[PDB]
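Report on the following structure.
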Amino acid sequence: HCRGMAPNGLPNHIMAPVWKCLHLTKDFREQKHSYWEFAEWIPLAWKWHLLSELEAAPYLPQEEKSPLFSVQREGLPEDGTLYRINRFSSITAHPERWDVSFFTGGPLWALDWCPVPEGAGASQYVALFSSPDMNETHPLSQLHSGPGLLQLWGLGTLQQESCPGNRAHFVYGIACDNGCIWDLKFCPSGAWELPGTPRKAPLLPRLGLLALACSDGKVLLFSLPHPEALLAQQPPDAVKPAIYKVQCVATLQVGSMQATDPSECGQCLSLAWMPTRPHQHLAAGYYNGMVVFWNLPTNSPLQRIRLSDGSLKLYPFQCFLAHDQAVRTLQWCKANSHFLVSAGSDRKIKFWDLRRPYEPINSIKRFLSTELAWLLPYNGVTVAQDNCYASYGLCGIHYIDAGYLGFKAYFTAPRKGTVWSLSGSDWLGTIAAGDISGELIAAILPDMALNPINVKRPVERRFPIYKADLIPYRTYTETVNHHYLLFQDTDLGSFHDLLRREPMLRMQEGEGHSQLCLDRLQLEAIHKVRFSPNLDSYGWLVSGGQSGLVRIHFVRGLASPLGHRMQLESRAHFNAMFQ
Amino acid sequence: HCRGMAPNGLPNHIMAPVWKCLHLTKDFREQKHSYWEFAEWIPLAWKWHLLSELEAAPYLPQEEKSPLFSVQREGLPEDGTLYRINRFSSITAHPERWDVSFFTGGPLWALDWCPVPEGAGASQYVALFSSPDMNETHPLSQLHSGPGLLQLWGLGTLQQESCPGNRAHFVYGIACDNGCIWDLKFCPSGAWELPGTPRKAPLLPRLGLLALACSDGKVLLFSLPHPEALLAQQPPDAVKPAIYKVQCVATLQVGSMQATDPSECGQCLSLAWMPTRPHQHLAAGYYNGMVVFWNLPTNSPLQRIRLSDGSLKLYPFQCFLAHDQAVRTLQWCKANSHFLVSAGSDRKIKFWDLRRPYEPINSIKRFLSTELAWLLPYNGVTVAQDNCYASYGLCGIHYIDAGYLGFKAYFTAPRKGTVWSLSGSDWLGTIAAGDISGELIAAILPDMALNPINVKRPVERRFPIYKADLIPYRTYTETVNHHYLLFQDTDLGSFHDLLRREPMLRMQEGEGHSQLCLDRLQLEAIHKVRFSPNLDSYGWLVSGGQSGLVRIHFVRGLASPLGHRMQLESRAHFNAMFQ
Amino acid sequence: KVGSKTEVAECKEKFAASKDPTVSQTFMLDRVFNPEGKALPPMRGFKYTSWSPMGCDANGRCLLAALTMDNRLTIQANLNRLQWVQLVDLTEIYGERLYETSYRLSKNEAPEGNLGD
């Protein structure tokens, strides 16, 4: 045990797992990430055709200006101005708290951070998809294949010297003729290289390698160039929202080399890259209940074919029927990649041994799980849920042991609404979660090697990050013409006096007593959350939803001297290696 | 000067030269190696005659089984068993640490890695010679001319997935009637091609070109086929030690047309190929102290004659009296092949400009030296001493600048015994050295563009790989009957807390204080050490000695992400060039 | 059966307690090491079945080889019509054979490994 109060104001026994997770994550990545993979798949500029303004217009998301909003920050004076920002534009970072809002033109339904090797100090980016129309909603049972756009947004390097006055820049987007995109996953490591890498003019230094899960039922694999390499290769007079039409590295789909009989699988609803070097496998969850895997380096004429355009088509090496219903979420075990967890809309969480797919290691039946997280150090999984089957007020966020330790599920956070999305920061050992109530919270897990029933009270381990509130001022236009979004942001500088501060009381009044909202759009709803996977910026968080606004937050209170030292150690090593 | 600690536990300013040496070596080989050379000198099946069991019996090294030995590995549980292995057989690689040990039947006196182009991912081979008798010893002043066997050993591909459970395979040997072999050198590049290369039935795909310095005073040049191409021609029921009698590509010897007067040069003692494309010159050092050069492609009737069997005899184009005593070792400059270094038993190191052989660039009188290494990026040479003239406590290994920078000799490692053999890894910038103490050490040189006197504690830059001890249990049988070899292996996985780990204390108590043993055969003594020249396996080392055991080690701590980065990019380039 | 009844329990305790994420979860997730547990569901259902040829039984009939998912391999027969009966358990016997040879098939193929590894 450990005693006293941490300098951020949390108890030392609450912080001690957070500090422990830093070392465990660093050692894991040293062992099982890498600095380069897929050397064959470097971006080629001649496959990046820039669409003209009149060619791009069908792909652009349709809202040209955000809803009107205002942001209140705990302990600052009330600004009182309503902000509004154009599609593909951003407000300036708050000079002291560095949060940023930017507008993507439609409701955000996929989002991921571009991974960067620790110590690189690079420019940070997010890839995201925002649906074209605020009012569209798509039936799961049917393939879509409409036009859409994948957006890459640059956040800068996010150093303390850089953050004041920062802005997000729309660096480019890809015109996608494959319907809406339900999941985005970058290759976890080895895809990035230095932007200054010397490569001949056709070859552009690789920013990353990205898998798209399409409602058209196929996975698209893009290797991404660094933006500076495109803009130097692009003619300077071109229109600045650079929308490219891009040939994939590969299209990943379910089939066989001569079976034209179209797959039952329907929409592709979830992705997971293999968490460990060399990341050679990619898994996807499908509407028909299958989990599918492709062996991306495969030479075999039974799995690889080259299309006339020169891109590959890949057919899977293995599939198995994981669920009786849509496989709404996957997580792949970091600590040993023979294990994967998948949850389905039959509301079972199933743990799998990928050597022995005929029987899950464990099924635990639960409420209707919307997203999983599997943090590196803990044997169990954290589950966000849809509330439709939970008892009133017993819905929320649960952590669920995979079962050897035998602990009861830990009710980490009560929620009224469905949590749409969740992510675990391996660096922090914490989760953040976003609600149809438009509240974003974070919660710190206990050290889950030790029985959670002795956790005296979970409430002291969780806090709000923001809540959006609609203020009057169902169609989207019928809402925005009559309401504005009041984003209320907490002081994340520290957790001193936490439970007596206004946002905690507001959150605790939200828990239990507050009521669901219907007969309006739910323009308030949050749809995605991602903690930063990178050690540089490890304390940063991004989220967005039905507003099509996207917000970047820095949880300054969990960024702490061990991580700041560990950053500087990794900074010095990287600069000593790569020059 | 770069601060902080590398993840392998060495300071970054100690590792930074190692990381630089990867780029410098790659940039050199792109410019000054080549993919194909000596296109006429390709193996022919009719030139490879398989010996029967009765015919091979004179050539096989005479010990049928190794001495008993046991290997202890730092931090593992003690094995406690004694191994013993047949001649031409190998133990299995240790599953965690992949060290392999195999037995060659006699004391190992020559050894080289078969060079393979970058990215090839080939099977890796070593060629070696072990003398017929453990206790016989040959004078320098006399030509030997006995039988001997050249052995080719395959090590596997040495990929990470291949190393667990790896074993060395004796693929074939050449029965030589030319005495013992005092040096082996392969052609540095352009000798290897894919074993899948389609060639007509008389021809075989080429594995390498190998030059043998024979104790009868001539150099023999062989072209080596890939083993599978021989075994396809070989009868299926053939004897499992594949011993061949083989016609030379050429025999290289000192003399002149119609000059019946036999040369005084005596035994050939050392070789160097011309490091740079097209590798057209081969040098040798002779017992009389001459250095002798052959122009391998030469059509000229004054240098080339064709024997009745069709093999060439080549006379030299240039010879000069480099040393006043036996010239024991040569190194030819990689960065500019106008320059060569030699050392002889007059205990001078002489640098030469081959355009101007009448006077050396620089003669430094030193202690008697056994072998030299010229690492590509450094202007000087690192020297291994015979201890018989060094001041007690000052004997060891020295780096010596060629003279323009004017630094004093840098004392890289004290050793009590004579260092028999030395090998510089260009890829690692490190050096490895074998001692009659039976210890193998490695050392990292500083960046020798910078004055070594600032290297205030060189002991932090060296570590042992293993030490062999005789444990009780003047001639081989009396020693083997009463002792076994305890091999003690370092944990090369990381160099954390290095100076407090017992192998370093054991080594540091060896240095300076330990007393050499002369009432025994020296059965523990190590005679050759060789880092891999190949980028694939660049972090691997092979060594062997008086025991006739040969051991392979992976220096995991010096393998690095840049080597992986470079291996994958080279793999991609190679896979694009050859298919 | 992988060791003495005390030593196996000491090893399981060691690996479960291991501070390394990799070792601890590799042990705790592979049901081969945890065939029955606290919250884990039992795996006594059948993995595979393979009929013999006819003529194998004590009657004229064929036998049924039956493999449970917790690795119990048995041979079953229906000697009267009503009740299938287990004639032998082959997982039991093989475990004894291995234990009496220290889990080494060739008598000097390797040292006796530390079960704590």
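As shown in the structure tokens, the chain order sets the letters A, B, ...; within each chain, residues go from 1, and ligands are also counted from 1 in the order they appear.
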### Message
Can you tell me which residues surround residue B:373 at a distance of at most 7 Å, considering only C-alpha atoms, apart from same-chain residues fewer than 3 positions away, and format the answer as a list in words?
### Response
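With the cut-off at 7 Å, the set is residues 331, 381, 382, 383, 422, 423 and 424 of chain B.
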Those residues with C-alpha atoms, as an mmCIF file, in the first residue's frame please?
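Once written, part26.cif looks like this:
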data_model
loop_
_atom_site.group_PDB
_atom_site.id
_atom_site.type_symbol
_atom_site.label_atom_id
_atom_site.label_comp_id
_atom_site.auth_asym_id
_atom_site.auth_seq_id
_atom_site.Cartn_x
_atom_site.Cartn_y
_atom_site.Cartn_z
ATOM 1 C CA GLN B 331 44.101 -5.466 -44.419
ATOM 2 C CA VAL B 381 43.630 0.068 -37.640
ATOM 3 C CA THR B 382 42.986 -1.962 -34.481
ATOM 4 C CA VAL B 383 45.730 -4.414 -33.563
ATOM 5 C CA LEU B 422 40.338 -10.076 -34.271
ATOM 6 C CA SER B 423 37.318 -9.070 -36.321
ATOM 7 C CA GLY B 424 35.790 -5.649 -36.873
#
Taking only C-alpha atoms into account, which residues of chain B are within 9 Å of chain A, as an mmCIF file with N, CA, C and O atoms, in the first residue's frame?
data_model
loop_
_atom_site.group_PDB
_atom_site.id
_atom_site.type_symbol
_atom_site.label_atom_id
_atom_site.label_comp_id
_atom_site.auth_asym_id
_atom_site.auth_seq_id
_atom_site.Cartn_x
_atom_site.Cartn_y
_atom_site.Cartn_z
ATOM 1 N N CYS B 2 25.819 13.297 -27.267
ATOM 2 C CA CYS B 2 24.397 13.072 -27.050
ATOM 3 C C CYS B 2 24.172 12.416 -25.694
ATOM 4 O O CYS B 2 24.757 11.371 -25.397
ATOM 5 N N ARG B 3 23.327 13.041 -24.881
ATOM 6 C CA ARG B 3 23.091 12.636 -23.506
ATOM 7 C C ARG B 3 22.106 11.468 -23.429
ATOM 8 O O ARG B 3 21.581 10.982 -24.434
ATOM 9 N N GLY B 4 21.875 11.009 -22.202
ATOM 10 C CA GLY B 4 20.876 10.004 -21.903
ATOM 11 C C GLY B 4 21.320 8.575 -22.153
ATOM 12 O O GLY B 4 22.406 8.289 -22.658
ATOM 13 N N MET B 5 20.428 7.658 -21.784
ATOM 14 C CA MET B 5 20.696 6.227 -21.782
ATOM 15 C C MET B 5 19.910 5.538 -22.890
ATOM 16 O O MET B 5 18.711 5.785 -23.049
ATOM 17 N N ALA B 6 20.583 4.680 -23.651
ATOM 18 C CA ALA B 6 19.903 3.862 -24.635
ATOM 19 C C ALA B 6 19.067 2.792 -23.935
ATOM 20 O O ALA B 6 19.333 2.440 -22.784
ATOM 21 N N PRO B 7 18.039 2.263 -24.604
ATOM 22 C CA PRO B 7 17.243 1.193 -23.987
ATOM 23 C C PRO B 7 18.014 -0.093 -23.746
ATOM 24 O O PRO B 7 17.581 -0.905 -22.920
ATOM 25 N N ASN B 12 23.994 6.837 -24.640
ATOM 26 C CA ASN B 12 23.818 7.139 -26.057
ATOM 27 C C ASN B 12 25.116 7.580 -26.722
ATOM 28 O O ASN B 12 25.371 7.232 -27.880
ATOM 29 N N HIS B 13 25.958 8.337 -26.013
ATOM 30 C CA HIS B 13 27.240 8.720 -26.597
ATOM 31 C C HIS B 13 28.178 7.537 -26.792
ATOM 32 O O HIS B 13 29.131 7.642 -27.569
ATOM 33 N N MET B 15 26.755 4.411 -27.670
ATOM 34 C CA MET B 15 26.113 3.716 -28.782
ATOM 35 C C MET B 15 26.103 4.518 -30.080
ATOM 36 O O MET B 15 26.040 3.921 -31.159
ATOM 37 N N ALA B 16 26.152 5.846 -30.010
ATOM 38 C CA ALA B 16 25.984 6.667 -31.208
ATOM 39 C C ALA B 16 26.936 6.336 -32.355
ATOM 40 O O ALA B 16 26.495 6.397 -33.514
ATOM 41 N N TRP B 19 25.409 3.271 -34.250
ATOM 42 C CA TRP B 19 24.289 3.628 -35.115
ATOM 43 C C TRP B 19 24.735 4.360 -36.378
ATOM 44 O O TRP B 19 24.142 4.176 -37.445
ATOM 45 N N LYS B 20 25.764 5.203 -36.282
ATOM 46 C CA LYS B 20 26.295 5.852 -37.477
ATOM 47 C C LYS B 20 26.898 4.853 -38.462
ATOM 48 O O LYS B 20 26.760 5.017 -39.679
ATOM 49 N N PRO B 561 17.074 -0.863 -34.005
ATOM 50 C CA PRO B 561 16.005 -0.518 -34.961
ATOM 51 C C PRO B 561 16.484 -0.019 -36.314
ATOM 52 O O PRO B 561 15.841 -0.309 -37.329
ATOM 53 N N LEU B 562 17.587 0.729 -36.363
ATOM 54 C CA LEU B 562 18.148 1.120 -37.653
ATOM 55 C C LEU B 562 18.585 -0.086 -38.472
ATOM 56 O O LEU B 562 18.459 -0.080 -39.700
ATOM 57 N N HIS B 564 17.130 -3.050 -38.318
ATOM 58 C CA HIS B 564 15.847 -3.563 -38.789
ATOM 59 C C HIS B 564 15.271 -2.690 -39.899
ATOM 60 O O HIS B 564 14.863 -3.187 -40.953
ATOM 61 N N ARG B 565 15.223 -1.380 -39.660
ATOM 62 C CA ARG B 565 14.849 -0.404 -40.681
ATOM 63 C C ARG B 565 15.605 -0.624 -41.986
ATOM 64 O O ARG B 565 15.008 -0.654 -43.066
ATOM 65 N N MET B 566 16.925 -0.777 -41.904
ATOM 66 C CA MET B 566 17.739 -0.966 -43.102
ATOM 67 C C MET B 566 17.571 -2.353 -43.716
ATOM 68 O O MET B 566 17.571 -2.492 -44.943
ATOM 69 N N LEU B 568 14.788 -4.143 -43.714
ATOM 70 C CA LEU B 568 13.516 -4.194 -44.431
ATOM 71 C C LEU B 568 13.535 -3.386 -45.723
ATOM 72 O O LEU B 568 13.038 -3.852 -46.753
ATOM 73 N N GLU B 569 14.094 -2.177 -45.695
ATOM 74 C CA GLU B 569 14.225 -1.406 -46.927
ATOM 75 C C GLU B 569 15.124 -2.102 -47.939
ATOM 76 O O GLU B 569 14.853 -2.071 -49.145
ATOM 77 N N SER B 570 16.195 -2.737 -47.473
ATOM 78 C CA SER B 570 17.048 -3.507 -48.371
ATOM 79 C C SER B 570 16.342 -4.751 -48.895
ATOM 80 O O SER B 570 16.503 -5.112 -50.065
ATOM 81 N N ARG B 571 15.564 -5.420 -48.045
ATOM 82 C CA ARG B 571 14.708 -6.511 -48.505
ATOM 83 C C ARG B 571 13.775 -6.071 -49.628
ATOM 84 O O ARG B 571 13.664 -6.747 -50.658
ATOM 85 N N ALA B 572 13.090 -4.941 -49.447
ATOM 86 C CA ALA B 572 12.184 -4.439 -50.477
ATOM 87 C C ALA B 572 12.910 -4.152 -51.787
ATOM 88 O O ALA B 572 12.463 -4.564 -52.863
ATOM 89 N N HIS B 573 14.038 -3.446 -51.714
ATOM 90 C CA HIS B 573 14.839 -3.166 -52.901
ATOM 91 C C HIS B 573 15.345 -4.442 -53.569
ATOM 92 O O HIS B 573 15.284 -4.578 -54.796
#
### Message
Using Å and a single decimal, report how far atom CA of residue B:463 sits from atom CA of residue B:1.
### Response
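We find that atom CA of residue B:1 and atom CA of residue B:463 lie 22.3 Å from each other.
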### Task
With a distance cut-off of 12 Å and only C-alpha atoms, select the neighbouring residues of stretch 155-157 of chain B, excluding the residue or stretch itself and same-chain residues fewer than 2 positions from it, and output the selection as an MDAnalysis selection string.
chainID B and resid 89:90 92:93 98:102 113:114 116 119:127 152:153 159:171 532 534:538 540:542 550:553
Using only C-alpha atoms, what does the table of chain B residues within 9 Å of chain C look like, with each row giving the shortest atom pair and its distance in Å to one decimal, sorted by chain and ascending number, as JSON lines?
{"residue": "B:77", "atom": "CA", "partner": "C:114", "partner_atom": "CA", "distance": 7.7}
{"residue": "B:79", "atom": "CA", "partner": "C:111", "partner_atom": "CA", "distance": 7.0}
{"residue": "B:80", "atom": "CA", "partner": "C:111", "partner_atom": "CA", "distance": 8.3}
{"residue": "B:81", "atom": "CA", "partner": "C:111", "partner_atom": "CA", "distance": 6.7}
### Task
Identify, on the basis of only C-alpha atoms, every residue whose closest approach to stretch 2-16 of chain C does not exceed 8 Å; exclude the query and any residue fewer than 3 positions from it along the same chain; express the result as a ChimeraX atom specification.
/C:23-25,27-28,95,99,115-116
Go ahead and write the residues just picked, N, CA and C atoms, as a PDB file, in the first residue's frame.
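So selection.pdb came out as:
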ATOM      1  N   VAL C  23       3.872 -12.663 -19.358  1.00  0.00           N
ATOM      2  CA  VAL C  23       3.834 -13.961 -18.685  1.00  0.00           C
ATOM      3  C   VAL C  23       2.518 -14.165 -17.939  1.00  0.00           C
ATOM      4  N   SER C  24       2.083 -13.160 -17.180  1.00  0.00           N
ATOM      5  CA  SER C  24       0.878 -13.309 -16.367  1.00  0.00           C
ATOM      6  C   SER C  24      -0.363 -13.591 -17.207  1.00  0.00           C
ATOM      7  N   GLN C  25      -0.593 -12.803 -18.259  1.00  0.00           N
ATOM      8  CA  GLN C  25      -1.769 -13.028 -19.097  1.00  0.00           C
ATOM      9  C   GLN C  25      -1.639 -14.242 -20.007  1.00  0.00           C
ATOM     10  N   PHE C  27      -0.304 -17.067 -19.156  1.00  0.00           N
ATOM     11  CA  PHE C  27      -0.777 -18.113 -18.256  1.00  0.00           C
ATOM     12  C   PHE C  27      -2.281 -18.024 -18.012  1.00  0.00           C
ATOM     13  N   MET C  28      -2.762 -16.861 -17.572  1.00  0.00           N
ATOM     14  CA  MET C  28      -4.146 -16.730 -17.125  1.00  0.00           C
ATOM     15  C   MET C  28      -5.178 -16.885 -18.234  1.00  0.00           C
ATOM     16  N   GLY C  95      -0.242 -39.288 -19.346  1.00  0.00           N
ATOM     17  CA  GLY C  95       0.361 -38.463 -18.312  1.00  0.00           C
ATOM     18  C   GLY C  95       1.260 -39.245 -17.369  1.00  0.00           C
ATOM     19  N   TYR C  99       5.244 -38.761 -17.013  1.00  0.00           N
ATOM     20  CA  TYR C  99       5.772 -38.454 -15.687  1.00  0.00           C
ATOM     21  C   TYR C  99       6.868 -39.430 -15.273  1.00  0.00           C
ATOM     22  N   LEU C 115      10.823 -26.892 -14.063  1.00  0.00           N
ATOM     23  CA  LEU C 115       9.397 -26.626 -14.223  1.00  0.00           C
ATOM     24  C   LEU C 115       9.017 -25.212 -13.802  1.00  0.00           C
ATOM     25  N   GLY C 116       9.841 -24.552 -12.993  1.00  0.00           N
ATOM     26  CA  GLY C 116       9.625 -23.142 -12.729  1.00  0.00           C
ATOM     27  C   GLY C 116       9.869 -22.234 -13.915  1.00  0.00           C
TER      28      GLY C 116
END
#### Entry: Residue neighbourhood residue B:522, 10 Å, only C-alpha atoms, exclusion window fewer than 2 positions, as a list in words
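Once the nearby chain positions are removed, what remains is residues 436, 437, 438, 470, 474, 475, 476, 479, 516, 517, 518, 519, 520, 524, 525, 526, 545, 546 and 547 of chain B.
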#### Entry: Shell of 10 Å around stretch 493-499 of chain A, only C-alpha atoms, local chain residues under 2 positions omitted, as a list in words
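Counting only the stated atoms, we get residues 5, 6, 7, 8, 9, 10, 11, 97, 459, 460, 462, 463, 490, 491, 501, 502, 503, 504, 505, 507, 508, 554, 555, 556, 557, 558 and 559 of chain A.
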### Query
Hey, what's within 12 Å of residue A:197 if we count only C-alpha atoms and toss same-chain stuff fewer than 2 positions away? As a VMD selection string, please?
chain A and resid 42 192 to 195 199 to 201 203 to 207 225 to 226 228 to 229 578 to 579
Write down as an mmCIF file with N, CA and C atoms, in the first residue's frame the residues belonging to chain C that are assigned alpha helix (DSSP H) by DSSP computed on the backbone.
data_model
loop_
_atom_site.group_PDB
_atom_site.id
_atom_site.type_symbol
_atom_site.label_atom_id
_atom_site.label_comp_id
_atom_site.auth_asym_id
_atom_site.auth_seq_id
_atom_site.Cartn_x
_atom_site.Cartn_y
_atom_site.Cartn_z
ATOM 1 N N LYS C 5 2.267 -32.671 -7.334
ATOM 2 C CA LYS C 5 1.028 -31.974 -7.010
ATOM 3 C C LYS C 5 1.277 -30.674 -6.253
ATOM 4 N N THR C 6 2.389 -30.586 -5.522
ATOM 5 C CA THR C 6 2.798 -29.336 -4.887
ATOM 6 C C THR C 6 3.530 -28.399 -5.842
ATOM 7 N N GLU C 7 4.443 -28.931 -6.656
ATOM 8 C CA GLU C 7 5.259 -28.079 -7.517
ATOM 9 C C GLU C 7 4.432 -27.392 -8.598
ATOM 10 N N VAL C 8 3.445 -28.087 -9.163
ATOM 11 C CA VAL C 8 2.566 -27.453 -10.142
ATOM 12 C C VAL C 8 1.802 -26.282 -9.529
ATOM 13 N N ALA C 9 1.324 -26.431 -8.294
ATOM 14 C CA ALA C 9 0.605 -25.337 -7.646
ATOM 15 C C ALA C 9 1.521 -24.161 -7.328
ATOM 16 N N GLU C 10 2.764 -24.440 -6.942
ATOM 17 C CA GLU C 10 3.757 -23.383 -6.776
ATOM 18 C C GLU C 10 4.040 -22.640 -8.080
ATOM 19 N N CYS C 11 4.132 -23.364 -9.197
ATOM 20 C CA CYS C 11 4.361 -22.722 -10.490
ATOM 21 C C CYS C 11 3.179 -21.871 -10.942
ATOM 22 N N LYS C 12 1.959 -22.399 -10.845
ATOM 23 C CA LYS C 12 0.774 -21.599 -11.160
ATOM 24 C C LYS C 12 0.711 -20.320 -10.334
ATOM 25 N N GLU C 13 0.969 -20.421 -9.033
ATOM 26 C CA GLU C 13 1.004 -19.234 -8.186
ATOM 27 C C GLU C 13 2.057 -18.236 -8.657
ATOM 28 N N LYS C 14 3.252 -18.726 -8.988
ATOM 29 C CA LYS C 14 4.316 -17.865 -9.500
ATOM 30 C C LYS C 14 3.893 -17.084 -10.743
ATOM 31 N N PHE C 15 3.374 -17.775 -11.761
ATOM 32 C CA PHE C 15 3.053 -17.110 -13.024
ATOM 33 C C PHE C 15 1.867 -16.161 -12.901
ATOM 34 N N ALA C 16 0.843 -16.538 -12.136
ATOM 35 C CA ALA C 16 -0.256 -15.614 -11.859
ATOM 36 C C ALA C 16 0.225 -14.339 -11.175
ATOM 37 N N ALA C 17 1.169 -14.456 -10.244
ATOM 38 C CA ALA C 17 1.701 -13.291 -9.548
ATOM 39 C C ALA C 17 2.697 -12.484 -10.373
ATOM 40 N N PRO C 21 3.300 -8.193 -17.668
ATOM 41 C CA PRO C 21 2.009 -8.413 -18.344
ATOM 42 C C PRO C 21 1.981 -9.630 -19.248
ATOM 43 N N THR C 22 3.079 -9.904 -19.947
ATOM 44 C CA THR C 22 3.102 -10.970 -20.942
ATOM 45 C C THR C 22 2.987 -12.349 -20.303
ATOM 46 N N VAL C 23 3.872 -12.663 -19.358
ATOM 47 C CA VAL C 23 3.834 -13.961 -18.685
ATOM 48 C C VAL C 23 2.518 -14.165 -17.939
ATOM 49 N N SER C 24 2.083 -13.160 -17.180
ATOM 50 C CA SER C 24 0.878 -13.309 -16.367
ATOM 51 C C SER C 24 -0.363 -13.591 -17.207
ATOM 52 N N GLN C 25 -0.593 -12.803 -18.259
ATOM 53 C CA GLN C 25 -1.769 -13.028 -19.097
ATOM 54 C C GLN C 25 -1.639 -14.242 -20.007
ATOM 55 N N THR C 26 -0.435 -14.570 -20.472
ATOM 56 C CA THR C 26 -0.273 -15.802 -21.240
ATOM 57 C C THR C 26 -0.694 -17.021 -20.428
ATOM 58 N N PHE C 27 -0.304 -17.067 -19.156
ATOM 59 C CA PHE C 27 -0.777 -18.113 -18.256
ATOM 60 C C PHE C 27 -2.281 -18.024 -18.012
ATOM 61 N N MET C 28 -2.762 -16.861 -17.572
ATOM 62 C CA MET C 28 -4.146 -16.730 -17.125
ATOM 63 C C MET C 28 -5.178 -16.885 -18.234
ATOM 64 N N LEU C 29 -4.805 -16.699 -19.496
ATOM 65 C CA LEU C 29 -5.780 -16.810 -20.575
ATOM 66 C C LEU C 29 -5.831 -18.186 -21.226
ATOM 67 N N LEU C 90 -7.278 -42.320 -21.995
ATOM 68 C CA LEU C 90 -5.929 -42.287 -22.548
ATOM 69 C C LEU C 90 -5.130 -41.062 -22.121
ATOM 70 N N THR C 91 -5.795 -39.986 -21.708
ATOM 71 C CA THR C 91 -5.081 -38.828 -21.180
ATOM 72 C C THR C 91 -4.475 -39.125 -19.814
ATOM 73 N N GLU C 92 -5.182 -39.896 -18.992
ATOM 74 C CA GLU C 92 -4.633 -40.364 -17.723
ATOM 75 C C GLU C 92 -3.372 -41.195 -17.927
ATOM 76 N N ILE C 93 -3.452 -42.219 -18.776
ATOM 77 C CA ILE C 93 -2.335 -43.143 -18.972
ATOM 78 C C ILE C 93 -1.112 -42.435 -19.545
ATOM 79 N N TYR C 94 -1.305 -41.594 -20.559
ATOM 80 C CA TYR C 94 -0.164 -40.912 -21.167
ATOM 81 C C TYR C 94 0.528 -39.978 -20.184
ATOM 82 N N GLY C 95 -0.242 -39.288 -19.346
ATOM 83 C CA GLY C 95 0.361 -38.463 -18.312
ATOM 84 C C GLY C 95 1.260 -39.245 -17.369
ATOM 85 N N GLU C 96 0.837 -40.451 -16.990
ATOM 86 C CA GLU C 96 1.685 -41.334 -16.194
ATOM 87 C C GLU C 96 2.932 -41.777 -16.953
ATOM 88 N N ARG C 97 2.774 -42.193 -18.209
ATOM 89 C CA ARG C 97 3.933 -42.557 -19.021
ATOM 90 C C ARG C 97 4.956 -41.428 -19.083
ATOM 91 N N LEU C 98 4.503 -40.206 -19.365
ATOM 92 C CA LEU C 98 5.416 -39.068 -19.429
ATOM 93 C C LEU C 98 6.048 -38.765 -18.075
ATOM 94 N N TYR C 99 5.244 -38.761 -17.013
ATOM 95 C CA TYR C 99 5.772 -38.454 -15.687
ATOM 96 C C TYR C 99 6.868 -39.430 -15.273
#
### Message
Among stretch 351-466 of chain A, which ones does DSSP assign to strand (DSSP E or B) (computed from the backbone)? Answer as a PyMOL selection string.
### Response
chain A and resi 351-353+362-365+368-373+381-386+396-400+410-414+419-425+430-435+439-444+462-466
